[PDB]
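In: This one's experimental. Sequence and coordinates below.
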Amino acid sequence: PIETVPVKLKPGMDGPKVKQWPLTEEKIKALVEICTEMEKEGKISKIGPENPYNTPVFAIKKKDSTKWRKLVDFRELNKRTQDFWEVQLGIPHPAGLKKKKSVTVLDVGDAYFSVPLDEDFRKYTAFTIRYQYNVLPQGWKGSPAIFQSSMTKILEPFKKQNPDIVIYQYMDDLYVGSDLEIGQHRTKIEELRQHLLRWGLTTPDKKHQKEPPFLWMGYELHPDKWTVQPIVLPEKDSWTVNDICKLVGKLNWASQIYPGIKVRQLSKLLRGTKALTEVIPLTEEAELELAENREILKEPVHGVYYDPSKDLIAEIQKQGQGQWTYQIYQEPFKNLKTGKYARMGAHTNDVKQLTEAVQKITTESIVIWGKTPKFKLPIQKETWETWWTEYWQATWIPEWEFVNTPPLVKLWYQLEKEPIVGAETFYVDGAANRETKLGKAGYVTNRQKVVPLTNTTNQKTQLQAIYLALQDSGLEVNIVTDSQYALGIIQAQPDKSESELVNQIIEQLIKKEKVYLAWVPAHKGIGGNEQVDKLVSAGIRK
Amino acid sequence: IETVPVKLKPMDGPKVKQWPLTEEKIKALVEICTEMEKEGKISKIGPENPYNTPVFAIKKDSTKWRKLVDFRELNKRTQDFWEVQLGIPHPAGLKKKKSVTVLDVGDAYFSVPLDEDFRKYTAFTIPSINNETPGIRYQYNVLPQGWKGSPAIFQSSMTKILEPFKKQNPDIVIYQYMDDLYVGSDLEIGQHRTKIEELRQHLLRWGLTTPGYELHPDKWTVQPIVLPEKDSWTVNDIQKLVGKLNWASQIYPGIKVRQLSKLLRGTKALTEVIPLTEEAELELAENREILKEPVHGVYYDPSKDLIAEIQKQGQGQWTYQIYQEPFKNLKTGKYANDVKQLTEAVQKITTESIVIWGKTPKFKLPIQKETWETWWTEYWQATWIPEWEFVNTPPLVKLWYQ
RNA sequence: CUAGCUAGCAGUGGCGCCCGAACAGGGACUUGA
């Protein structure tokens, strides 16, 4: 007796007029009998000579080969149907589950058909062969939404009856548990079964409740622990994009829970691959990466549940190469889960990636648990405070502490906000042409230099000019330039980027203990500015 | 009640997602929505409507947990109605007053019905931690908060009820931009508070509970761009000053470095001092006297859009700039954890812009998007929500101040 | 109605590829240094 939901069609539209495909002559009886069986149960209405519409029909023999069953496609109507709200856009996670002593689960077969449909909308079920589904059909756009809404409003009174219990619902299964003995659990289960039969559902008393760990999206939901489904890997040499997809998906499902999982190499191996049977020669790096992932996978591990009373902890063990990690635990070595964050702006630093990873982990913890723990970062306070105080942005983080777990994080150099005595002034500049690209550039002392280039832009010309200048300068220096590009880039104090040019820049800068820099306009006649402009513009300006 | 028919521009309603929340906020949301539905203000719904609007929780002066909605998109789409049909004026004496006061009468909006054909465009849902439960959707059966159409339609009865006192206090001025209110007061702070309490009683007469607080516009002026006055001038300082002057020339056309550029004709070291000739000193003093003067050749347009830029210096020191067109500044100033200060600063700047022009500008914050989206709710205390974005800043506009 | 008279549906999670929409810079028209 549940109440349906009023539903209409898109602005000024109607049911699509179509002709049902011609089919075989052996499934017809085998599917006409299925149609009559669905009819006799009191779930469909057959009214053909009135409805001037039509819908497609299909006969399928899917997995568990027993017979040719029926199927229907709404691809022609799903778009014509009025828009609806997609309720479930995410999924739960094993790490965010709690400690329920008496666990259970409840599924219902054909439950989709166990819900009526608005009779004004049931007219759009012209299942010719005619049959008009008196209940929700399959493959529908929003049917799961109405399903979950009905389930929620039906359990609402049950929740009011026993609010202390928690429920984890899903598409068709009802994962539920408590912290009591068996007797009371089964009493409440029978109470729920009656509360549901009040509206016509199904529930047996021989399903899988302790035989688990369950089989849910490839998980192992043990009673007092959990982990992903036991995984394997092929042991051949050739690697086709299909086997790639397979092992990549497997190791990704495993990486979200397992530590020390690297896929960057195998990911890079895919960029540019488009065919369907590419036997890729596994580079030595990818080979050793797979070997290490195997070694880590050669021994199993069981995740831990969550405890609301006791807090949690966050920690990281970086591996290098700009890649990061993170571990979540409530007690030493009781790792809940882990992951990976190694996305690179063309230029970046260590503390920037650290901040991004920690804020992403904070968002993850909030969406999972709803709060953030005290972080354990391998970097001292003075570095972070100086960074975010002298940086051109604002970055805040919750309480945390220091960790003496090498390797660590730091700034491999620093900049001075005031000139220095004894240093040397360097009026430098560099330009090029949009056609020849043979820009000349160099430096000037308070001795000048000029060096042509090849296939470079004014930005890159000035970059290489300051590079070659630093290659010959000493320790202390007070340089000036005009390109705000390179200045602003260096102000970020990066130690890694994509272009190897800036990498050599920072490499040479490391050795230089002291350095100062600033910005000035161009074409104004400031000391050596016009001098270098004239010297480099030789043969390229006119 | 005669619900005015609301009709969106012949553009569909929004269906924005909902960022994650915390149980400490979900409990407050549930316990307040229970009473909200008990009092016929809202009702439970299903997926019949595709729309959805953000929702969140907040926490000065109390420990309660109020709420509001992000009608930014809704307002940007339904502008025409309240912008043209029933507009509102904007006085100018309020800024010439001594002190002011800001109120909030959302409860008044919570005491009126609302049309039914427009509620579907008010879809607001709460999240579920770890996706354990589907979205518990609801609908606004009454006038919501933050929607500037509700005040636009309620102003009639509002003024009809305000009639008694304003005749006795003609010097006072009132503005109704949103759920919040304002007052004109050019008298003693004690008298200001006495009249504020009188108006609070006039409101309580109909059951309106409403216990920073005040503010003063007289102190607000422009931030004079000032240069250093030293007895010994090195090179680096002159270079920084020349860069600043060249970057600011877009504001004051009367800026030149003729007498200064000559001193730069000699490429020397940085620590060496150079004397400032009378001609150079004369031009420097002229430029200084020109800077302190206000802007000449600008105005304000209520039809166009507004921009609210922001920067940072250090030690919790911040700046801010407002303008419609690039380099056409209408106001400057100064204002001095790192996100709390930013939130209160943007609040202060928007309040200033509203009391000056009666409109909320667009912002430009130097921070990533996810960090702000996550941490802006922590220290927020107002009930109005403006637009915003995120931008990268070079170390040039920073030279507007030290 | 998708593939060469014949076989042909959707959802979930992932692996991806193409396009559209946003962000920062480069080449042509118009103003100033």
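Out: Here it is on my side, so go on. Numbers count the residues shown, from 1 in each chain, chains lettered A, B, ... in the order given.

In: distance between the strand or helix carrying residue B:78 and the chain's centre?
Out: For residue B:78, the host element (DSSP states H and E) is helix B:72-80. Using CA atoms, centre = their mean, to the nearest Å, the mean C-alpha position of helix B:72-80 is found 17 Å from that of the whole chain.

In: Can you give me the buried ones in stretch A:304-319?
Out: A:304, A:305, A:306, A:312, A:313, A:314, A:315, A:316, A:318 (16 or more other CB atoms under 10 Å in any protein chain shown). From N, CA and C alone the C-beta is placed, and that goes for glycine too.

In: now, the most widely separated pair of those residues?
Out: Pairwise distances across those (CB to CB) peak at 27.3 Å, for the pair A:305 and A:318.

In: A helix includes residue A:471, no?
Out: Yes. Assigned with DSSP: H, G, I helix; E, B strand; the rest coil, residue A:471 falls within a helix.

In: how far away is the closest residue to it other than its chain neighbours from residue B:270?
Out: In this structure, residue A:471 finds its nearest non-sequential neighbour in residue A:508, 6.3 Å apart by CB to CB, 6 or more residues apart in numbering or on different chains. Distance, residue A:508 to residue B:270, using CB to CB, to the nearest Å: 22 Å.

In: Also residue B:237?
Out: Per CB to CB, residue B:237 is found 9 Å from residue B:270.

In: So what's the residue count around residue B:304?
Out: 8 (other CB atoms under 10 Å in any protein chain shown).

In: so who does the residue found closest to it once you drop the neighbours it is linked to in the chain touch?
Out: Spatial nearest neighbour of residue B:304, chain neighbours left out: residue B:324 (5.4 Å); criterion: CB to CB, 6+ apart. Shown in contact with residue B:324 (CB atoms under 8 Å, 6 or more residues apart in numbering or on different chains): B:300, B:301, B:304, B:305, B:306, B:307, B:330.

In: Okay, and which of the residues you listed map to strands?
Out: B:307, B:330 (DSSP state E).

In: ok, and the most crowded of the contacts of residue B:324?
Out: That'd be residue B:306 among the contacts of residue B:324, by other CB under 10 Å, with 20 neighbours.

In: Now do the contacts for that residue.
Out: B:322, B:323, B:324, B:353, B:357, B:359, B:360, B:361, B:362.

In: who's more crowded, residue B:237 and residue B:270?
Out: Ranked by neighbour count (other CB under 10 Å), residue B:237 and residue B:270 place residue B:270 first, with 22 against 16.

In: What about the closest residue in space to residue B:392 that isn't next to it in sequence, how many residues nearby?
Out: Spatial nearest neighbour of residue B:392, chain neighbours left out: residue B:366 (7.2 Å); criterion: CB to CB, 6+ apart. By other CB under 10 Å, 17 other residues sit near residue B:366.

In: Which helix or strand contains the residue nearest the centre of chain B?
Out: Nearest to the mean C-alpha position of chain B, by CA atoms, centre = their mean, lies residue B:350 at 2.3 Å. Residue B:350 belongs to helix B:339-357 when assigned by DSSP H and E.

In: Run me through the strand neighbours of the helix or strand following that helix, direction for each.
Out: Moving toward the C-terminus from helix B:339-357, the first helix or strand encountered (DSSP H and E) is strand B:362-364. Sheet pairing of strand B:362-364 (DSSP bridges) gives strand B:307-314 (parallel).

In: Show me what the strand it pairs with is in contact with.
Out: With CB under 8 Å, 6+ apart as the contact definition, strand B:307-314 has outside contacts at A:389-390, A:392-394, B:318-324, B:342, B:345-346, B:349-350, B:353, B:361-366, B:386, B:393, B:397-398, B:400-402.

In: what ranges do the helices span in chain B?
Out: Ranges of helices in chain B, per DSSP state H, are B:23-38, B:72-80, B:106-109, B:149-168, B:189-204, B:235-248, B:258-264, B:278-292, B:339-357, B:369-379.

In: right, and these - which one's nearest RNA strand C?
Out: helix B:235-248 (7.6 Å; CB to the nearest atom of the strand).

In: Just want the angle from that closest one to helix B:278-292.
Out: Between helix B:235-248 and helix B:278-292, the angle comes out at 50 degrees (axes from the mean of the first three to the mean of the last three CA atoms, to 10 degrees).

In: Show me what helix B:235-248 is packed against.
Out: helix B:258-264 (3 or more CB pairs under 8 Å, 6 or more residues apart in numbering or on different chains; DSSP states H and E).

In: Just the helices from chain A, written as ranges.
Out: A:27-40, A:119-122, A:143-161, A:182-197, A:241-255, A:264-268, A:284-297, A:350-368, A:381-390, A:458-472, A:484-491, A:500-511, A:529-536.

In: Mind checking if the third one is in reach of RNA strand C?
Out: Yes. Counting by CB under 7 Å from any atom of the strand, RNA strand C is contacted by helix A:143-161 at residue A:144.

In: Please point out which parts of that helix sit buried.
Out: For helix A:143-161, by 16+ other CB under 10 Å, it's A:143-152, A:154-155, A:158.

In: ditto for the first one
Out: For helix A:27-40, the buried set under the neighbour-count rule, 16+ other CB under 10 Å, comprises A:27, A:31, A:34, A:35, A:38.
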